[PDB]
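S.K.: Input: one structure, supplied below.
In UniProt numbering, the protein residues as written are 102 to 430.
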C-alpha cells in the first residue's frame, strides 16, 4: 500500500508529501521502508530535479540497512544522463563495475543514450557497445531502436550508413522506429537511394509503413529536390495505404507549387477532399498561395465560398491572401 501511494503521488508530482511520508516511515518500526520504496522515492526526486535529495536518500540506505541494487545505479545513471552529464554516468557505471554489480541491458542502453545526448564521440559509443557485447548483454527491441539511433547521433556518413544497415544487414528490423531514425541519419549525409529503401524496408516488412513516417521522409525528400522521387514516394505513400491526414498531401503540394502543374494541384485536391480529410487552415492557405502565384483569381474567390460551406474557420494569413487575390483581379 505504501508503494502504491508513492506511485500515485509520483503520478501527480507530490514529491513533498512523498518525502514527508518516507521520512515519517523511516522512524516507524512497523512501516520501515524497503528497497522498492527507496527506489520509488529516488525516482520521484529525480523527476522533479531534486538530485541532492535523491543522493541523500540513496546514501542514507546503508545507515537504514537497505539493500542496494542495479536498479538504483540505473536510476542514477538515467538521472545524470537526462541533464547531459555523460561523464557522471560513465563514472557511475565504472563505480558499479568496481562494486561487483553486474550491469544490465537497460543500464547499458541508458549509458549509451546519455553518451549520445551529451555529445560523446562515436568511438566511445562503439567501445561501450563492444564492452557490453563482451560482457554478454542481451538485445531488446527498444534497445535496438535506440541503437539504430546511436550511429545517427554521431552523424558520421559511415555511421549513418551503418545505422540504417544495422537493421537490414543482420536481418532483424523494428517495423517503424528503427526505420525512421535511420532514415533521418541517412538524410543528412544523403540517402541516395536510401530514401526509397527506407519506405520499402518498413512497408513490406509485414507492417504497413506509417503515414507520419512516410511524411517525415517525404518532407525532407522535398528539400532534397526529390520531386519525381517524392512523387513516386507520394504514389508510394499512396501504395502504403496507411490512413493519412491531408497534412501529408499539403506538404508535398507546397513543393508542387513551384512545379505548378496547376492541374496536378487540381487533381490531388478532389481526392483528399472527398477522403474525409478536409483541407486544413494550413492547406487552404497553401492552396490559395499556390493558385494565386499562377493566377486564377476568380478561383480564389471561389475558395472563399467553399471554405465557408466547409465551416473550417479562416486565419490571419488566410484572410490575407484572399484579399491580395481580390486586389489583382
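Built from N, CA and C at the ideal position, the CB exists for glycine as well.
Got a sec, what are the start and stop residues for the alpha helix (DSSP H) residue 149 sits in?
M.R.: Premise fails: residue 149 is in no alpha helix (DSSP H) and is neither H nor E.
S.K.: Taking residue 384 and residue 345 to be in contact with their CB atoms under 8 Å, please state how far apart those CB atoms are, rounded to whole angstroms.
M.R.: Rounded, the Cβ-Cβ distance is 13 Å, inconsistent with contact.
S.K.: With 16 as the cutoff for other CB atoms within 10 Å, does residue 295 come out buried or exposed?
M.R.: Result: buried.
S.K.: Considering Cα atoms alone, identify which of 124, 182, 186, 184 is closest to residue 157.
M.R.: Here the closest residue by C-alpha is 124.
S.K.: Please state the DSSP three-state secondary structure of residue 378.
M.R.: Reduced to three states, the DSSP call for residue 378 is coil.
S.K.: Pick out the complete alpha helix (DSSP H) segments inside the segment 271 to 321, 4 residues or longer, and give them in chain order.
M.R.: Qualifying alpha helix (DSSP H) stretches, in chain order: 278 to 290, 295 to 304.
S.K.: Let's test the definition: count the other Cβ atoms within 10 Å of the Cβ of residue 336 and tell me whether it reaches 16, buried, or not, exposed.
M.R.: Burial call: exposed.
S.K.: Among 315, 367, 220, 329, which residue has its Cα nearest to the Cα of residue 342?
M.R.: Of 315, 367, 220, 329, the residue nearest in Cα terms is 315.
S.K.: Report the rounded CA-to-CA distance for residue 358 versus residue 393, giving the unit in angstroms.
M.R.: Each residue's Cα considered, the two are about 10 Å apart.
S.K.: Measuring alpha carbon to alpha carbon, tell me which residue in 299, 422, 135, 150 is nearest residue 401.
M.R.: Out of 299, 422, 135, 150, 422 has the C-alpha closest to the C-alpha of residue 401.
S.K.: If distances are taken between C-alpha atoms only, which option among 415, 416, 366, 214 comes closest to residue 246?
M.R.: Of 415, 416, 366, 214, the residue nearest in Cα terms is 214.
S.K.: For residue 179, which of helix, strand or coil comes out of DSSP?
M.R.: It is helical.
S.K.: With a CB to CB cut of under 7 Å and the five nearest residues on each side skipped, what residues in its chain are close to residue 361?
M.R.: Within the same chain, residue 361 has close Cβ partners 395.
S.K.: Quick check: the segment 228 to 238 against the segment 268 to 287, are there 3 or more CB pairs under 8 Å?
M.R.: Counting Cβ pairs under 8 Å, fewer than three are found: no touch.
S.K.: Along the chain, where does the alpha helix (DSSP H) containing residue 233 start, and where does it finish?
M.R.: Residues 223 to 235.
S.K.: So residue 139 packs on residue 167, CB below 8 Å; how close in whole Å?
M.R.: 5 Å between Cβ atoms; contact.
S.K.: Would you mind sorting residue 210 into buried or exposed? The rule is 16 or more other CB atoms within 10 Å of its CB.
M.R.: Counting Cβ neighbours within 10 Å, residue 210 comes out buried, since at least 16 surround it.
S.K.: Out of 177, 116, 372, which one is the CA nearest neighbour of residue 146?
M.R.: Here the closest residue by C-alpha is 116.
S.K.: For residue 251 and residue 229, I'd like the C-alpha separation in whole angstroms.
M.R.: Taking the straight line from one Cα to the other gives about 11 Å.
S.K.: Which of helix, strand or coil does DSSP assign to residue 397?
M.R.: The answer is coil: DSSP assigns residue 397 none of H, G, I, E or B.
S.K.: With H, G and I counted as helix, E and B as strand and the rest as coil, what does DSSP make of residue 128?
M.R.: In the structure shown, residue 128 sits in coil (DSSP, three-state: anything other than H, G, I, E or B).
S.K.: Helix, strand or coil: which one does DSSP assign to residue 257?
M.R.: Residue 257: coil per DSSP, three-state reduction.
S.K.: Grab me the residues of residue 379's own chain with a C-beta within less than 8 Å of its C-beta, minus the 5 sequence neighbours each way, in chain order.
M.R.: Same-chain partners within the cutoff: 347, 411, 413.
S.K.: Please classify residue 302: is it buried, with 16 or more other beta-carbons within 10 angstroms of its beta-carbon, or exposed?
M.R.: Burial call: buried.
S.K.: From residue 308 to residue 382, what distance separates their C-alpha atoms?
M.R.: Between residue 308 and residue 382, the C-alpha separation is close to 32 Å.
S.K.: Got a sec, what are the start and stop residues for the alpha helix (DSSP H) residue 104 sits in?
M.R.: Run containing residue 104: 103 to 113, per the alpha helix (DSSP H) assignment.
S.K.: With C-beta atoms as the reference, is residue 191 less than 8 Å away from residue 171?
M.R.: Their beta carbons are not under 8 Å apart, which means residue 191 does not touch residue 171 by this criterion.
S.K.: Would you call residue 427 buried or exposed, if buried means 16 or more other Cβ atoms sit within 10 Å of its Cβ?
M.R.: Exposed: under 16 other Cβ atoms inside 10 Å.
S.K.: In this structure, how does DSSP classify residue 364 when only helix, strand and coil are distinguished?
M.R.: Coil at residue 364, not helix or strand.
S.K.: For my contact list, residue 404 and residue 389 are in at a C-beta cut-off of 8 Å; report their separation, rounded to the angstrom.
M.R.: With 8 Å as the limit, residue 404 and residue 389 qualify as a contact, their Cβ atoms being about 6 Å apart.
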